[PDB]
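What follows is a set of notes on a single structure, which appears directly below.
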Amino acid sequence: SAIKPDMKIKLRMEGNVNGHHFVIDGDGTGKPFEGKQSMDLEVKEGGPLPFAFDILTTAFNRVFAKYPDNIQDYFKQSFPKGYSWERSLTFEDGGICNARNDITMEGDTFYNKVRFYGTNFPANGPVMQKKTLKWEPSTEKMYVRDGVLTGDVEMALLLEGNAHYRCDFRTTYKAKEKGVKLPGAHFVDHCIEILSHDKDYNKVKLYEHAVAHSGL
């Protein structure tokens with residue numbers, strides 16, 4: 001009821017990957033109940049980025065996920081006050097990232113304050129050499145670990161040369177308001193796509209479709 005069927009999205013990301021500093025702005029719309037969102041991104045500082053845009057893209061809100069009536073929707077119940085998440089990304093060649101987002105809502109707009117820090121990417125690796133093509137579609141497993149709603153996902157970045165480059169996501173999610181009830185364990189299928197880009201990925205349009213389910 002706080003959440004409307006059509007919502008706007010405003011975003012700023014600040015960050016640092018292998019010592020390279022950057023600022024990216026986002027402006028988007030989505031449909032919370034249909035699990036669908038898209039966003040226009042614009043690098044404001046630090047471009048052209050010297051690393052694969054793709055590592056960033058899952059950091060640019062689990063409110064945009066279609067929940068059936070039989071799974072508690074922790075994210076939609078967190079509003080208007082909102083919620084935050086923190087995520088670790090562990091890549092198979094030793095690259096590591098920590099991201100966080102603090103999400104708030106004013107009227108019909110979600111505001112997102114995002115931080116992204118990456119380190120230990122090898123200079124000869126697919127991320128620093130810009131050899132990535134896309135994330136494969138994924139299934140996040142949602143469960144409770146020590147009172148905290150936790151999502152794990154085994155992700156795969158398709159590289160040039162038909163190889164995959166693997167990484168493990170762990171995200172913890174916390175409602176701002178005390179006493180929003182935790183859900184039971186469940187799944188969310190995701191698909192994320194770059195729809196269009198310019199030469200150095202200074203402008204990117206992004207799309208995500210997500211659906212919650214009980215595994216059947």
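Here, A, B, ... name the chains of the structure tokens in the order displayed, residue numbers run from 1 inside each chain, and ligands are numbered from 1 in the same displayed order.
Non-sequential neighbours of range 171-179 of chain A (distance at most 8 Å, separation of 6 or more positions within a chain, only C-alpha atoms) are residues 74, 75, 78, 81, 82, 83, 84, 85, 86, 87, 88, 148, 149, 150, 151 and 152 of chain A.
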Exercise. Apply DSSP to the backbone of this structure and, from range 4-198 of chain A, keep only the residues in strand (DSSP E); write these as a PyMOL selection string.
Key: chain A and resi 7-17+20-31+36-45+83-91+96-106+109-119+132-135+138-145+148-159+163-175+186-197
Quiz item: Got a sec: who's within 7 Å of residue 118 in chain A, counting only C-alpha atoms, leaving out chain neighbours fewer than 2 positions off, as a PyMOL selection string?
Solution: chain A and resi 16-18+96-98+116
Exercise. Choose the residue, out of A:45, A:140, A:154, A:14, that has the smallest atom-to-atom separation from residue 100 in chain A; count only C-alpha atoms.
Key: A:14
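The closest residue to residue 26 in chain A, picked from A:66, A:203, A:76, A:145 and counting only C-alpha atoms, is A:203.
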Taking a cut-off of 7 Å and counting only C-alpha atoms, can you build a table that, for each residue of range 53-155 of chain A near range 190-197 of chain A, reports the nearest atom pair and how far apart they are in Å (one decimal), sorted by chain then residue number, as a tab-separated table?
```
residue	atom	partner	partner_atom	distance
A:135	CA	A:192	CA	7.0
A:137	CA	A:191	CA	4.6
A:138	CA	A:190	CA	5.2
A:139	CA	A:190	CA	6.2
```
For the selection you just gave me, I'd like the residues written to a file as a PDB file, in the first residue's frame, keeping C-alpha atoms.
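New file result_24.pdb:
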```
ATOM      1  CA  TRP A 135      26.034 -12.840 -15.878  1.00  0.00           C
ATOM      2  CA  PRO A 137      20.594 -16.325 -14.892  1.00  0.00           C
ATOM      3  CA  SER A 138      20.825 -17.316 -11.196  1.00  0.00           C
ATOM      4  CA  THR A 139      18.885 -18.636  -8.102  1.00  0.00           C
TER       5      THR A 139
END
```
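Closest approach to residue 108 in chain A among A:213, A:165, A:183, A:79 is made by A:79 (distances from only C-alpha atoms).
Nearest residue to residue 20 in chain A, choosing from A:128, A:103, A:114, A:185 and counting only C-alpha atoms: A:128.
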Exercise. Return the single residue from A:2, A:89, A:39, A:8 that is closest to residue 204 in chain A, with distances computed using only C-alpha atoms.
Key: A:39
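The nearest approach to residue 56 in chain A among the residues A:15, A:94, A:35, A:126, with only C-alpha atoms taken into account, belongs to A:15.
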Self-check item: Between CA of residue 7 in chain A and CA of residue 42 in chain A - distance in Å to one decimal
Solution: 19.9 Å
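Note that DSSP on the backbone gives helix (DSSP H, G or I) to these residues of range 45-194 of chain A: residues 53, 54, 55, 56, 74, 75, 76 and 77 of chain A.
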Quiz item: Quick one: residues within 12 Å of residue 166 in chain A, only C-alpha atoms counted, chain neighbours fewer than 3 positions away excluded, as an NGL selection string?
Solution: :A and (55 or 89-96 or 126-127 or 132 or 134-136 or 138 or 153-159 or 163 or 169)
Restrict the selected residues to N, CA and C atoms and save them as a PDB file, in the first residue's frame.
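Once everything was written out, this is result-v4.pdb:
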```
ATOM      1  N   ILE A  55      30.908  -6.304 -13.289  1.00  0.00           N
ATOM      2  CA  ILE A  55      31.088  -6.590 -11.853  1.00  0.00           C
ATOM      3  C   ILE A  55      30.208  -5.725 -10.986  1.00  0.00           C
ATOM      4  N   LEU A  89      31.325 -10.313  -2.592  1.00  0.00           N
ATOM      5  CA  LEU A  89      31.508 -11.015  -3.856  1.00  0.00           C
ATOM      6  C   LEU A  89      32.923 -11.614  -3.829  1.00  0.00           C
ATOM      7  N   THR A  90      33.007 -12.946  -3.874  1.00  0.00           N
ATOM      8  CA  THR A  90      34.295 -13.705  -3.908  1.00  0.00           C
ATOM      9  C   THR A  90      34.491 -14.386  -5.269  1.00  0.00           C
ATOM     10  N   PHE A  91      35.428 -13.873  -6.059  1.00  0.00           N
ATOM     11  CA  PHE A  91      35.677 -14.373  -7.410  1.00  0.00           C
ATOM     12  C   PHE A  91      36.735 -15.501  -7.340  1.00  0.00           C
ATOM     13  N   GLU A  92      36.668 -16.472  -8.245  1.00  0.00           N
ATOM     14  CA  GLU A  92      37.540 -17.657  -8.166  1.00  0.00           C
ATOM     15  C   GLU A  92      39.028 -17.384  -8.281  1.00  0.00           C
ATOM     16  N   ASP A  93      39.444 -16.239  -8.864  1.00  0.00           N
ATOM     17  CA  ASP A  93      40.871 -15.908  -9.014  1.00  0.00           C
ATOM     18  C   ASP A  93      41.395 -14.935  -7.907  1.00  0.00           C
ATOM     19  N   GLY A  94      40.624 -14.744  -6.839  1.00  0.00           N
ATOM     20  CA  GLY A  94      41.089 -13.965  -5.700  1.00  0.00           C
ATOM     21  C   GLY A  94      40.587 -12.531  -5.639  1.00  0.00           C
ATOM     22  N   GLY A  95      39.885 -12.088  -6.675  1.00  0.00           N
ATOM     23  CA  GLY A  95      39.249 -10.786  -6.624  1.00  0.00           C
ATOM     24  C   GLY A  95      38.148 -10.780  -5.582  1.00  0.00           C
ATOM     25  N   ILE A  96      38.077  -9.714  -4.781  1.00  0.00           N
ATOM     26  CA  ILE A  96      37.070  -9.610  -3.717  1.00  0.00           C
ATOM     27  C   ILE A  96      36.431  -8.232  -3.720  1.00  0.00           C
ATOM     28  N   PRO A 126      40.321 -11.468 -16.377  1.00  0.00           N
ATOM     29  CA  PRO A 126      39.232 -11.037 -17.278  1.00  0.00           C
ATOM     30  C   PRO A 126      38.537  -9.737 -16.860  1.00  0.00           C
ATOM     31  N   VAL A 127      38.539  -9.421 -15.561  1.00  0.00           N
ATOM     32  CA  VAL A 127      37.921  -8.184 -15.091  1.00  0.00           C
ATOM     33  C   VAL A 127      38.762  -6.947 -15.496  1.00  0.00           C
ATOM     34  N   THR A 132      34.568  -9.768 -20.194  1.00  0.00           N
ATOM     35  CA  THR A 132      33.351 -10.373 -19.679  1.00  0.00           C
ATOM     36  C   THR A 132      32.251 -10.081 -20.681  1.00  0.00           C
ATOM     37  N   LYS A 134      28.483 -11.353 -19.827  1.00  0.00           N
ATOM     38  CA  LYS A 134      27.207 -11.253 -19.110  1.00  0.00           C
ATOM     39  C   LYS A 134      27.226 -12.175 -17.922  1.00  0.00           C
ATOM     40  N   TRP A 135      26.352 -11.889 -16.952  1.00  0.00           N
ATOM     41  CA  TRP A 135      26.034 -12.840 -15.878  1.00  0.00           C
ATOM     42  C   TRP A 135      25.077 -13.891 -16.428  1.00  0.00           C
ATOM     43  N   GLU A 136      25.223 -15.174 -16.027  1.00  0.00           N
ATOM     44  CA  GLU A 136      24.162 -16.187 -16.416  1.00  0.00           C
ATOM     45  C   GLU A 136      22.978 -15.998 -15.461  1.00  0.00           C
ATOM     46  N   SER A 138      20.369 -16.733 -12.484  1.00  0.00           N
ATOM     47  CA  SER A 138      20.825 -17.316 -11.196  1.00  0.00           C
ATOM     48  C   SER A 138      19.639 -17.657 -10.262  1.00  0.00           C
ATOM     49  N   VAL A 153      24.152 -16.914  -3.434  1.00  0.00           N
ATOM     50  CA  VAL A 153      24.062 -17.240  -4.857  1.00  0.00           C
ATOM     51  C   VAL A 153      25.429 -17.586  -5.462  1.00  0.00           C
ATOM     52  N   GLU A 154      25.438 -18.623  -6.296  1.00  0.00           N
ATOM     53  CA  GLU A 154      26.618 -19.032  -7.089  1.00  0.00           C
ATOM     54  C   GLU A 154      26.461 -18.442  -8.453  1.00  0.00           C
ATOM     55  N   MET A 155      27.276 -17.429  -8.725  1.00  0.00           N
ATOM     56  CA  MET A 155      27.146 -16.670  -9.943  1.00  0.00           C
ATOM     57  C   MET A 155      28.216 -17.112 -10.956  1.00  0.00           C
ATOM     58  N   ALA A 156      27.948 -16.856 -12.239  1.00  0.00           N
ATOM     59  CA  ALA A 156      28.885 -17.172 -13.317  1.00  0.00           C
ATOM     60  C   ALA A 156      28.877 -16.054 -14.352  1.00  0.00           C
ATOM     61  N   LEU A 157      30.057 -15.467 -14.580  1.00  0.00           N
ATOM     62  CA  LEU A 157      30.215 -14.482 -15.659  1.00  0.00           C
ATOM     63  C   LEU A 157      30.752 -15.232 -16.873  1.00  0.00           C
ATOM     64  N   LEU A 158      29.965 -15.196 -17.951  1.00  0.00           N
ATOM     65  CA  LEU A 158      30.396 -15.671 -19.268  1.00  0.00           C
ATOM     66  C   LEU A 158      31.520 -14.731 -19.778  1.00  0.00           C
ATOM     67  N   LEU A 159      32.652 -15.324 -20.124  1.00  0.00           N
ATOM     68  CA  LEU A 159      33.811 -14.654 -20.721  1.00  0.00           C
ATOM     69  C   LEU A 159      33.831 -14.904 -22.218  1.00  0.00           C
ATOM     70  N   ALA A 163      34.275 -19.455 -21.736  1.00  0.00           N
ATOM     71  CA  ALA A 163      34.611 -19.855 -20.418  1.00  0.00           C
ATOM     72  C   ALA A 163      33.674 -19.072 -19.497  1.00  0.00           C
ATOM     73  N   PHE A 169      28.198 -14.965  -4.082  1.00  0.00           N
ATOM     74  CA  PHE A 169      27.575 -13.785  -3.386  1.00  0.00           C
ATOM     75  C   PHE A 169      27.074 -14.264  -2.038  1.00  0.00           C
TER      76      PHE A 169
END
```
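As for CA of residue 211 in chain A and CA of residue 188 in chain A, they are spaced 5.5 Å apart.
Atom pair CA of residue 32 in chain A / CA of residue 62 in chain A has a distance of 8.9 Å (rounded to one decimal).
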